[PDB]
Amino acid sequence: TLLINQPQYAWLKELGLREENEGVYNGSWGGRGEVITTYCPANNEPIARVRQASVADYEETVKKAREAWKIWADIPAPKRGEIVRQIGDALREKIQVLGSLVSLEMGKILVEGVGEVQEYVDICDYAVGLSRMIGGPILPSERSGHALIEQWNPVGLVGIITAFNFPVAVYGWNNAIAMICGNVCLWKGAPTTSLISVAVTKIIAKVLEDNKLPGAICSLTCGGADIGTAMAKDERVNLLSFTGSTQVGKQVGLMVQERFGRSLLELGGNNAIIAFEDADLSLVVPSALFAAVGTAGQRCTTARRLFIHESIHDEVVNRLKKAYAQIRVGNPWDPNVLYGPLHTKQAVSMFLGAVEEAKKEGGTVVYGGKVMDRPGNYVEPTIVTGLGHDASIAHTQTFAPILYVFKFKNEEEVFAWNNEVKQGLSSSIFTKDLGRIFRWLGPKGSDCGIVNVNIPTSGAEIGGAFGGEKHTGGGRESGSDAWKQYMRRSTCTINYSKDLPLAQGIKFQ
């Protein structure tokens, strides 16, 4: 009855998964909390069970994590980098079966499941070199006989709360950077990707244990809102990296600020692609299709708003319709499929609610709009035209493959329309105009954290910092100097001279 008990899914055992799995790791495996069963969204069947963290589990894990930090922080950063290099290799060894698990439990297609693991592998190899580079400048003091140095030190315990839609890579970004920076980590993944969290944690735990290091360096406490709220309120959690909905991130941001902790927020996106009249349409059409329907439209960076200049709107919409019709639907592990199921049955219903609401606001469904007549959580990728850019349904993030299409005329208004929504994650223009490109990158251009040209709103690489502005929450992950959010800066002045301050007419001995 459980997928893991059927011979067809015996590969799950290669990740150390059993029918019932421990969802707490702190050097020891356990879990006295509520038992949840996660389901395969492609067939609505249960996969296996995870025993989540009780309050006592969480309490003991923080204490073990903070004790482990005393050991971990004393390990020189390049040697911490060597640990992270071995994690990358351990992910490389399991990339296919781990990616299959992402496809099975979360529901994205196999290439994206493996691709998500590869992103973690890449950030590991990146972090290895970074582990020899993090630090600050030695600066020229204005004072004779004084040295002035900017030091960076770990903040301590980094709590990491992640979402269902990227159940490996977001944690991996946070883990690899926090680790080389000398922090310990506590992970609370999405409950519906609990098997993924356990499996990832098993791979990391082995590297840590094989190197005679305390496992609490990369702790796991599977749970839901209760555990995440505990982390948000916990003074022992020095940095809380949160990836999830804007609604919850706001509450997490407030709870962390209330205690003068640190938060790193990666919240919703409502991402726009803008196509100008001079754009290469043979580039626009595939870029739009893949940015809209990739991962069944459940990416933070999924394209939700497509603005097309009036002169090319009908052509681009028509070319998208003909292209949508060829999107191959099926099981996410079959390599022929580009499009899998939504993550939950609730999401299917929410998809239908949004299509209906779009119709109520005057939009026309020119393609899709319906649930597919097959098992699982499959819906048609959908294109809605005729809404005004200020339509209410278009200002909501719905994790469904619905692309709202708008007309525009001039550059200034459509830049403003890109910027008018509350999120500020990703954005793209398609144009050949040199001045427009640099204006888009400038202070009167895109207000988002990811600002792309002739490439869609999706697919960012690790070399750059990843994150958004406005209600997207402002945190950054992965590249550039994002590592500084995982460390505390100190400005340090060393007086090494024999000089004595001026007496100022006080007679000292």
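Start at 1 with the first residue shown and count on from there.
Averaged over their C-alpha atoms, the temperature factors of 385 to 393 and 435 to 443 are higher for 385 to 393. Judged by mean Cα B factor in the deposited record, 311 to 319 ranks above the other of 311 to 319 and 226 to 234. Which of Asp210, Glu82, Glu266, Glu142 has the largest Cα B-factor in the deposited entry comes down to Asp210. Comparing the listed residues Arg304, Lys422, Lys188, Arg259, the entry records the largest Cα B-factor for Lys422. For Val453, the recorded CA B-factor ranks within the middle third of the chain. Only modelled residues enter the ranking. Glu67 sits in the highest third of its chain by CA B factor, as recorded in the PDB entry. When the CA B factors of the chain's modelled residues are split into thirds, the value for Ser480 lands in the lowest one.
When the modelled residues of the chain are ordered by their C-alpha B factor, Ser428 lands in the lowest third.
Annotation for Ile402: CA B-factor lies in the highest third of the chain's modelled residues.
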